[PDB]
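For reference, the chain that follows is the form deposited in one PDB entry, supplied as C-alpha cells.
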C-alpha cells in the first residue's frame, strides 16, 4: 500500500516534491526541503521526473504483429499496405486478434502507456476483430484505458454495406466513429462519408477520429469538412483528424485560410511520425518530401496536435517497440522542432496533448486525480528524450504496474568507469 512518492522532479518546477496518495488518488503535492530517506509505504522516484502516463492516441491493434503475413509490403506505400492487410484480414480469427493485441498491449504497459486509442477495421461482414477488441478492452482495463475506433478501412460508401457495418460496430460498443474519405472512390463519396460519420456520432453520442487526407495529394482537403462539421455541431473537443499528411503539400495561402477554421473548430490532430516518414514521399523521386502534417505551425497557433505510433510490426511498418519517446524523437527531427525549449516541451506531445485528443477528464499530476503516473530516470523532458530513457515505474490507481531496472554500462579504461551518457 503506497502512501507517498518521494524525491520527485516535476516539469517546469524547482527542486524535489512529495506526492501523497490516498484511496488510489492524489491527495496532495508538497515541496521537499531536500532528498528524503526511503520509508515504508513510500516509492522513491530517485530524483526522476514524474509525469502523467504516456498516451497512444493512434494504433492499430487488430493488425499489430502481422508484418509479412502472408506477404510483405514491397513498395512501402499506404496503398499496397491495404492490399496486404486485405489478404491477412481474410485469415483473421478471434484468438489471433486477441493474442496479437495483448502482445502489443503488454509492451505498452511496460512503456508507461495507460491510455490507448486503437482503430479496428470494420470493413468486414463478420466484425471479427471489432468484437474481439471489445473483449480486450474489458480485459486490459486494470492497466490501460482502451478506446476503440470503428474504422471503415475500405470506405463507408465504397465498401459493401459499409455504413451498416459501421453503425453496428457502434451499437456493439465502439467508443469512436472512424472514416477514411481520401480512400473513397470519389471526392463526393468522401464528403458524403463525413456527413454520415458525424450523423452516427451524434446518434450514439460517440467521439470521432477520421483517417484524414493520408496521401501526398495537394487536392485532398477533407480536413476542412471535418472541421466545418465539428464547428456546426459545437463538438470540436470530441473530434480528431489523424495524419492530415496532405497538409504537408498544401499551398500556404489555402493553409492560412484553413487554419482560422481549424482554430475555431477546436478539433484535435494526430501526427504519426514513424509511419509518415516511411510511407509518405513514396511517389517522389528526388527531392523527396517529408510528408508530416504542419505540427510546428499548429503548435504556434495553439491548435492541439499530438504524436501516435500508428503501426507496430504490421503491413504498414516493419519496426517498433510501442515506445512513445522513440515516436517523439522521430517527430522532433522530421518536424524540425529542435530548439532546446521545443525538445524539452516535447513530452507534451505524448502526454497532455494526447490526453486532450482522447477527451480524458481524469489525467494529470494534481490533487483529486487518480494516482496514475510514471517516473522517468531523467532530469527533465530534454534529458528523457535525448537519452531515450525507459520508464522506471508506472503507477496506476496508486499501485505499481510496471518497473524497469535501468541498464548498467561500464567502460574499462585505466580503471572501471560507469557511463550514464550525461
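Positions refer to the first chain, counted from 1.
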When the C-alpha temperature factors are averaged for each of 214-222 and 306-314, which stretch ends up with the higher value in the entry? 306-314
Going by the entry, of stretches 28-36 and 61-69 the one with greater average Cα B-factor is 28-36
From 78, 229, 127, 113, can you pick the one with the highest C-alpha B factor in the entry? 78
Chain-relative C-alpha B factor for residue 299 (record values, thirds): the middle
Where does the C-alpha B-factor of residue 100 rank in its chain, lowest, middle or highest third? middle
Where the record places residue 191 (Cα B-factor, split into thirds across the chain): lowest
Split the chain's modelled residues into thirds by Cα B-factor; is residue 359 in the lowest, middle or highest one? middle
Could you say whether, by C-alpha temperature factor, residue 340 belongs to the lowest, middle or highest third of its chain? middle
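Unshown form deposited with a small molecule bound; subsequent notes refer to it.
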From 180, 349, 177, 116: within 4.5 Å of the small molecule in the bound PDB entry by heavy atoms is 180
Since exactly one of 207, 130, 78, 146 fits, which has a heavy atom within 4.5 Å of the small molecule in the bound PDB entry? 78
Among 207-215, 233-241, 257-265, 67-75, the stretch whose residues bring a heavy atom within 4.5 Å of the small molecule in the bound PDB entry is 207-215
Within 4.5 Å of the small molecule in the bound PDB entry - does that hold for a heavy atom of every one of 63, 151 and 275? yes
At 4.5 Å between heavy atoms, is residue 269 in contact with the small molecule in the bound PDB entry? no
Interface membership of residue 184, the small molecule in the bound PDB entry, 4.5 Å heavy atom rule: no
Might residue 198 be said to contact the small molecule in the bound PDB entry, defining contact as any heavy atom within 4.5 Å? no
Proximity of residue 222 to the small molecule in the bound PDB entry, heavy atoms at 4.5 Å: no
